[PDB]
2 protein chains.
Amino acid sequence: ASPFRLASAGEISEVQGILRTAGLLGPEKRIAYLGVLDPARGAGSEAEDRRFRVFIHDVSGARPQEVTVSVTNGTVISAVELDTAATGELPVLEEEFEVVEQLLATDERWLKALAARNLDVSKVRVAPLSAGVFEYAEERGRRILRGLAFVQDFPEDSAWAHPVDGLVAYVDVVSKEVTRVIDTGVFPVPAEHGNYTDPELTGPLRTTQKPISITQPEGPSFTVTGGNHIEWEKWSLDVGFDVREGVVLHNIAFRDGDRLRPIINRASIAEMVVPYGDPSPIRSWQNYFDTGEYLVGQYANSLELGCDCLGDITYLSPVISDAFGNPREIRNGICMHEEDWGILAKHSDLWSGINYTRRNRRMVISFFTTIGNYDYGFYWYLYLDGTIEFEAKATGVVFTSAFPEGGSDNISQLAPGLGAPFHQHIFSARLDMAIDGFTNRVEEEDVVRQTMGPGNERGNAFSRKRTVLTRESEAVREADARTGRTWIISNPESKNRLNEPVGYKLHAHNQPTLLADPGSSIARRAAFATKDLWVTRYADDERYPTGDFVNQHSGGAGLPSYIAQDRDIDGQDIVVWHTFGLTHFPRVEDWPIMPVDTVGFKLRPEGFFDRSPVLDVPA
Amino acid sequence: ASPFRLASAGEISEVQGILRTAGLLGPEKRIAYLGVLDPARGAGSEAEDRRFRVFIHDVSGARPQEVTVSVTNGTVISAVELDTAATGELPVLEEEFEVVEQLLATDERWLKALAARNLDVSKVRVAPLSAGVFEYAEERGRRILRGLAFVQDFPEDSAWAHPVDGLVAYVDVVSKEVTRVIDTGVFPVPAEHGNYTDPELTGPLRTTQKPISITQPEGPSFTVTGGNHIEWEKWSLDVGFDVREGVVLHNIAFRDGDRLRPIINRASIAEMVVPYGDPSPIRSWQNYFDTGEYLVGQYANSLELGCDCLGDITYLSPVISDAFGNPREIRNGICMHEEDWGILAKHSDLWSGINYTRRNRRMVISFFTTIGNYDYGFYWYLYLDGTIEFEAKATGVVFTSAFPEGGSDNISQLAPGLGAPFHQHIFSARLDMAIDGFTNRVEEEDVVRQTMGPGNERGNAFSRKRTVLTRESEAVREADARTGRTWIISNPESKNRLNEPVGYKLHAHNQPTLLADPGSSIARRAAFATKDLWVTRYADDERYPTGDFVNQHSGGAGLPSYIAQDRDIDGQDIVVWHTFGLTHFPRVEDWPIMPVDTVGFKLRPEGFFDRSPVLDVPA
Ligand SMILES: [Cu+2]
Ligand SMILES: [Cu+2]
Ligand code: NA
Ligand code: NA
């Protein structure tokens, strides 16, 4: 059993049948989102009712629906009609990716724009880009995708090298009308290729790297039971998978002697946004919610042994729905392994003569996804000493434009005539805290400087302070790297042996948050991304910092709406949302394919244990 | 042949023989410091004379001396008497460590303080602690160590568990006088032991950890020639070792096509200080410059295969002088290895159908040192993509105190009665830059937010600005994490194919800098630690941010004196000094032996290459 087990191919086919028989899955319907619902609070005495939540899109434009289905009983529990002009459009479907390019290929404004630039339509790729919400009054209630063009010179060519600037199209994918074709001027299409597998670009391959062999003679130290339940060096957890969020960790706990102590109830990356900083109207509207608009889990890669994942790997192969409700297995979509992590603790003592050295290790659960030109690896780490860590790895090909003659304040030049507009990748981690159980609170810790004076006559003293966040209206926080600011999640009703409330300290990377003007559409639609830390009271339906239907929604859904409830968070069931991101001014070294850059955060035990928890590690 | 070769055992004897011949190294003399001198500029082309610099301590108190000698010519190049009362005492000798406990063991005042607490003198360890510069007029012209006591109940007991608070003693280690014994009250000596190899505290050791086997069947991809010259995956450099700074990197360069391109001429950790923030008179004077006062290189551990350095390791065994001028080999004091570093670049393309993955690696050069309760690992990494990184790893046992009844604002409780005063560990990296050669300049790069308005009507635009630091007076910089501030070192006379100055970008961790009041003794003596970044014009004698003689030296030397000369740094031979540190509020988890915490920095190529430099890495 386990009410936390991964969705099976059978459950997904059951959802399909159930929907099909209740009349909700006609020829014109598409599954836009499908995932398992988590167990409600309490509810632990009751046997599984496996439920699935489903967004049904209608290609004719009739109303979409949100449907909840019980798989154990074979019934629709509810179906609600969606007013998308109110609550937002449905996520972008894989099959809609093509539709932008095909619709445009017969539009005469588009054909004429290509003809002016001497581009063969059969060689012109169109990226299917989400819309946002700007000043275009005809777009309200229309399902829109925007289109930017890239030239592919041949089947295996990297079209990203050949952007067609000065030209953008807006397209109603439902009515199949091109609503606008905006041409602001021809710009040369950058000429050089970006084919990073072409010997002409690689030059001769290095023969100098000798193999590194990583093996585990006696197998790994972790177990997997029930399909997805891990135990490893005192840690216990379940590894979930959602087509929108990707890997999601459930019931993170740590064995302290006799007791299994809970730390985090659910951890996920609940949204991520890529806002572009170029004020040209070709691009000034682009802001991709890869998570909320495109759904990152659906494009999770199959990870190749010795290539994506090196060493003794245990795979999970999550199953998702396609657009028709058929199960699709993502084979080896999640890697799980343990690795050596250097020195954990070391001391050679001058008085005892004892020399002591122990090594560290971490458990790694990861996947890797691809959304158009980006690729992102999501990695969770658990260490021996109780630390939890997340890390995002951003690679792929940068999104390109022309580089204007006489330069730019908003774009980098990567190759002759080729630009890469400035942008950010900003993630939100939603951490439903359970530090020794659900009664938690958050404190903001600052370092406190002290003035030389009485009490401090040498002027060496320094201290720190902690401020409990008591209500949601005062739980919207910014980083302050100058005063070493962190946030402690404690349990005021579980004390360690020194009679202090047990806790975990969140260490942020303190990177810039959203740069856009606060009056922008993006600052409203991705308000989560303007502050580094938010604390909300737990509620079942408060899932994403951006709300449930991100595509084309007007603003303030999600975290600003939740926080407006101004609920008690002081010693309550609470959820922490940490914003963290990369601000990317691309470099020549990022072209034609980019070296991984990274960002993340970590949580460390802060008086959680009664002493170091790693004294029982052997040499 | 190598002008950058490590010191040999012969070279060291040679210096002792030359000093002996000169009448400089009689029986009352000690070598407090000895290292090889780096070639002067335009040299190896002017001369190639092999030279050594020595600080000679005199155990009778006559003035010490600084002496430069040529080991090839067998001559003294210069010798100067040191007025230690003005320019600073010499580094503390390993052989002075026991002197403090020894002199106190027969002092009536110390014996009376111990009696009052019911402590057997034979059981009481005293830590030999640097003295700094405070308000004690009898200290002028005296070589002082201060002492703090810890009880050791048996030969293998960790005495750190048993601090004897309320008591401190000052000792003139040359005249063998105890100058003061301060007793502010009896404090219970904390009772629990902290013996981390004791099964009482360990519990049964885990049997769950399976082995991880890391091997290189065909050997490592790097070569080592000339004893310390490394070449690895396009990188080239020389690994030096100095008794004060530890491992030092020379001539870091990167082969780009048919040129060896310099990046960094010399890299080192040129100081690191541990200031304490407890206002108790027992501790308010403590600030240990483990580099400048104690010499971290001295205490470099012999590193054991498996255990300290895992995988296929090539060791160096640098050679240092003893206090008598005899060579002493630090067997296996430096580990060098390469290691797999996860994904380098990855992309699955929706149009070309090509899936591409490359793995990263890094070359690691490290040592690990022990200073008292103290252990630090210094790690330099070079990545395949051009990135250079430093990491410091801090572990050991925390410096303890009593925990006062009624709590503390400057001290954490670790065990019943057992305190750990708040302190920082702050490092200074001295980076003698050579970006494509010596003509370098530094630019401070801030993100620029833009106001919604004409030219940015949607309010999405963001940019950045870069400010050339032209003169030393302008080049004392602070971090600003909110505006994502970094510093670019570029060569205005060396342009990439896009006609931009080639450069490297420094990414700092933006941790708190020195917290002490700006009027404190420590703020002046560790002035480098109060700012994140400084830039100086290269000068042979400008070596340490704290000057040559740190022990009992007031402010007046080092980085603020260098800066005052206000030299041109815009397209010149320049040196970057980067302050970074950990602010340590100890936690229960740190006791009785602390898990590694880390801090560091990195430099990444910024338009240095003409495209990615890792397109030639094999699958
Ligand atoms: Cu980017
Ligand atoms: Cu510390
Ligand atoms: Na919670
Ligand atoms: Na230089």
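What counts as what
- These residue numbers run from 1 along each chain by written sequence and may not equal the entry numbers. Residues without coordinates are not shown.
- Chains carry letters and ligands carry numbers; both start at the beginning, A for chains and 1 for ligands, and go up in the order they are written.
- Hydrogens and waters are ignored; side-chain quantities use all the structure's heavy atoms.
- UniProt positions are given in the numbering used here, feature names are shortened, and annotations may be inferred rather than shown by experiment.
- Secondary structure is summarised from DSSP: a helix means a run of H or I of at least four residues, a strand means a run of E of at least two, and numbering begins at the N terminus for each.
- Radius of gyration here uses only the C-alpha atoms, and the compact-globule reference equals 2.2 Å multiplied by the residue count raised to the power 0.38.
- Partly exposed residues are those whose accessible area sits between 20% and 50% of the maximum for their type, while under 20% is buried and over 50% is exposed, using a 1.4 Å probe and protein chains only.
- We call two residues contacting when some pair of their heavy atoms lies within 4.5 Å.
- A 1.4 Å probe and the Shrake-Rupley method give the accessible areas. Residues count as covered only by the protein chains that appear here.
- A pair of sulfur atoms, both from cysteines and within 2.5 Å, is called a disulfide here.
- Sites may look incomplete, because water is not among the atoms used; the donor set itself consists of N, O and S atoms within 2.8 Å of the metal (3.2 Å for Na, K and Ca).
- Between any two strands, pairing holds if DSSP finds at least two bridges.
- Only the stretch in contact is used when a helix axis is fitted, and all axes are lines through C-alpha atoms; the angle between N-to-C directions ranges over 0 to 180 degrees.
- A cavity here means a set of 1 Å grid points, computed over protein atoms only, where a 1.4 Å probe fits but cannot escape. A pocket is an open set with protein on both sides within 12 Å along at least 5 of 7 lines, and lining residues have an atom within 4 Å of a point.
- Grid points are joined across faces, edges and corners, and a volume is the space filled by probe spheres set on the points.
- Ten residue types, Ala, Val, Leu, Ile, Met, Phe, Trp, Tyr, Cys and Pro, are classed as nonpolar, four, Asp, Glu, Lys and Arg, as charged, and the remainder, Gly among them, as polar.
- Summed over both partners, the accessible surface that disappears when two parts come together, traced with a 1.4 Å probe, is what is meant by buried area.
- The rule for a salt bridge is simple: a side-chain nitrogen of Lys or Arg has to be within 4 Å of a carboxyl oxygen of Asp or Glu.
- N or O atoms within 3.5 Å of each other form a polar contact, as long as, within protein, one can give a hydrogen and the other can take it, and as long as residues adjacent in sequence are counted only when both atoms are side-chain atoms.
- To pair, rings of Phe, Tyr and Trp, with the six-membered ring standing in for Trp, must have centres within 6.5 Å; the planes then decide the type, stacked if under 30 degrees apart, edge-to-face if over 60, and tilted in the middle.
- Sitting over a ring, as applied to charges here, requires NZ of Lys or CZ of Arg to be within 6 Å of the ring centre and within 35 degrees of the ring normal.

Within the PDB entry, the label attached to chain A reads Phenylethylamine oxidase, and the organism entered is Arthrobacter globiformis. Here the PDB entry's recorded title is "Time-resolved X-ray Crystal Structure Analysis of Enzymatic Reaction of Copper Amine Oxidase from Arthrobacter globiformis". If you open the UniProt record of chain A and go to Function, you find "Catalyzes the oxidative deamination of phenylethylamine to phenylacetaldehyde with the concomitant production of hydrogen peroxide and ammonia." A UniProt comment under Subunit is attached to chain A, and it reads "Homodimer."

## Structural notes on the overall build of chain A
A tally of helices and strands in chain A yields eight helices and 34 strands. Rg of the C-alpha trace for chain A: 26 Å, near the compact-globule value of 25 Å for 619 residues, within the 12% margin. Sorting the 619 residues of chain A into buried and exposed places 63% on the buried side. In chain A, the share of contacts with a sequence separation of at least 24, taken over all contacts with a separation of at least 6, comes to 65%. Summed over all atoms, the accessible surface of chain A reaches about 21,000 Å², with 48% contributed by carbon and sulfur.

## Topic: the state of the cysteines
Residues and elements named next belong to chain A. On inspection of all chains with the given rule, the structure shows two disulfides over all chains. The disulfide that involves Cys309 links it to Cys335, with 2.1 Å between the sulfurs. Its S-S torsion of about 90 degrees marks the bond between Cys309 and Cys335 as right-handed, since a negative value means left-handed. With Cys309 in the loop between α6 (290-294) and β16 (314-316) and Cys335 in strand β19 (residues 334-348), this pair connects stretches of sequence that are 26 residues apart.

## Section: unusual backbone geometry
The amide bond that connects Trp591 of chain A to the next residue, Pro592 of chain A, takes the cis arrangement and shows omega of 10 degrees. Looking at the secondary structure, you find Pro592 of chain A in the loop between β33 (572-584) and β34 (594-606). With phi around 60 degrees, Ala47 of chain B is a residue other than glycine that occupies positive phi space. By secondary structure assignment, the location of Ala47 of chain B is in the loop between β1 (29-36) and β2 (51-58).

## Focus: the coordination of the sodium ion (ligand 4)
Residue and element names in this part refer to chain B. Bound to the sodium ion (ligand 4) are the protein donor atoms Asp432 (OD), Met433 (O), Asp573 (OD), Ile574 (N) and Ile574 (O), situated 2.3 to 3.1 Å from the metal. Expressed as a motif, the donor residue spacing for the sodium ion (ligand 4) is D-M-x139-D-I. Of this pair, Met433 sits in strand β26 (residues 423-433) while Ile574 sits in strand β33 (residues 574-584), and the two are 141 residues apart along the sequence. Given a relative accessible area of 0%, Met433 falls into the buried group.

## Concerning the sheet that holds strand β27 (residues 441-449) of chain B
Residue and element names in this part refer to chain B. Strand order in the open sheet formed by ten strands is β16-β19-β20-β21-β22-β34-β31-β30-β27-β28, and the pairing between neighbours is antiparallel. Two strands close off the open sheet at either side, each with one partner strand: β16 (314-316) and β28 (462-469). Neighbour-to-neighbour, the strand axes of the sheet open up by a mean angle of 25 degrees, direction not taken into account. Pairing geometry for strand β19 (residues 334-348) and strand β20 (residues 355-369), over eleven bridges, is antiparallel. By the bridge assignment, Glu339 is partnered in β20 with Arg362.

## Some words on empty space enclosed by the protein
All names here are of chain B. Considered as a void within the structure, the second largest cavity measures approximately 140 Å³ in volume. Considering the residues around the second largest cavity, the lining is formed by 15 residues, among which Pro128, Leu129, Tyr294, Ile371 and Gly372 are closest to the centre. For the lining of the second largest cavity, the elements supplying multiple residues, two or more each, are β5 (124-129) and α6 (290-294). The residue makeup of the lining of the second largest cavity, split by class, is twelve nonpolar, two polar and one charged.

## Notes on the pairing of strand β13 (residues 246-256) of chain A
Residue and element names in this part refer to chain A. Of all the eleven residues making up β13, eight are buried; the element is thus mostly covered by neighbouring parts of the structure. Examined bridge by bridge, strand β12 (residues 235-242) and β13 share seven bridges and lie antiparallel to one another. By the bridge assignment, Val239 is partnered in β13 with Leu249. The turn joining β12 and β13, which pair antiparallel and follow one another in sequence, is formed by three residues. Sheet topology note: the β13/strand β14 (residues 259-275) ladder contains seven bridges and is antiparallel. Opposite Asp256, over in β14, you have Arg259 as the bridge partner. Connecting the antiparallel pair β13 and β14 is a turn made up of two residues, with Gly257 showing a positive phi of about 65 degrees.

## Here's the deal with the interface of chain A and chain B
Opposite the 154 residues of chain A that make contact, chain B presents 152 residues. Taken together, the two surfaces of chain A and chain B that pack against each other cover about 12,800 Å², and 55% of this comes from carbon and sulfur. On the surface where chain A and chain B come into contact, there are twelve salt bridges. Among the salt bridges present, the one from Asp308 of chain A reaches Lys346 of chain B, with a minimum N-O distance of 2.8 Å. Connecting chain A to chain B are 76 residue pairs in polar contact.

## Quick notes on the coordination of the copper ion (ligand 1)
Residue and element names in this part refer to chain A. Taken together, the protein ligands of the copper ion (ligand 1) are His423 (NE2), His425 (NE2) and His584 (ND1), with distances of 2.0 to 2.1 Å. Donor residues binding the copper ion (ligand 1) come from one chain and are separated in sequence as H-x1-H-x158-H. No difference in accessibility class separates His423 from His425, as the two residues are buried.

## Observations concerning the pattern of salt bridges
Residue and element names in this part refer to chain A. Here the structure, examined in full by the defined rule, presents 104 salt bridges over all chains. For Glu245, the salt bridge goes to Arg266, with nearest N and O atoms at 2.7 Å. Remark: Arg266 occurs in strand β14 and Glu245 occurs in the loop between β12 and β13; sequence separation between them is 21 residues. Of the two residues, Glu245 and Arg266, neither departs from the other in class, the shared state being buried. The closest approach of N and O atoms between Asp590 and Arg587, which form a salt bridge, is 3.1 Å. Relative accessible area serves as the criterion here: at 2%, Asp590 is assigned to the buried category. The structure contains a network of salt bridges with shared partners spanning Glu444, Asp446, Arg477, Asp480 and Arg485.

## As for the packing of aromatic side chains
In the structure shown here, the tally under the stated rule is 75 aromatic pairs over all chains. Measuring from ring centre to ring centre gives 6.4 Å for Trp380 of chain B and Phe601 of chain B, while their planes differ by 85 degrees; the resulting arrangement is edge-to-face. Separated by 221 residues along the polypeptide, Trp380 of chain B in strand β21 (residues 374-383) and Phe601 of chain B in strand β34 (residues 594-605) bring together distant segments of the chain. In terms of burial, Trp380 of chain B and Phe601 of chain B fall into one category: buried. Connected via pairs of aromatic rings, a cluster forms that spans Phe241, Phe367, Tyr374, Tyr376, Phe378, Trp380, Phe390, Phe427, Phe580 and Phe601 of chain A. The ring of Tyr170 of chain A has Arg146 of chain A lying over it, and the distance from NZ or CZ to the ring centre is 4.1 Å. Positioned above the aromatic ring of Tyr381 of chain A, the side-chain terminus of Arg362 of chain A is 3.6 Å from the ring centre.

## What about the layout of surface pockets?
Residue and element names in this part refer to chain A. If you add up the space inside the largest pocket, you get close to 1,400 Å³. Taken together, 46 residues make up the lining of the largest pocket; nearest its centre are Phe4, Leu37, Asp38, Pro39 and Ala40. Contributions of two or more residues to the lining of the largest pocket are made by β1 (29-36), β2 (51-58), β3 (65-70), β12, β13, β14 and β26 (423-433). A breakdown of the residues in the lining of the largest pocket according to their chemical character gives 19 nonpolar, nine polar and 18 charged.

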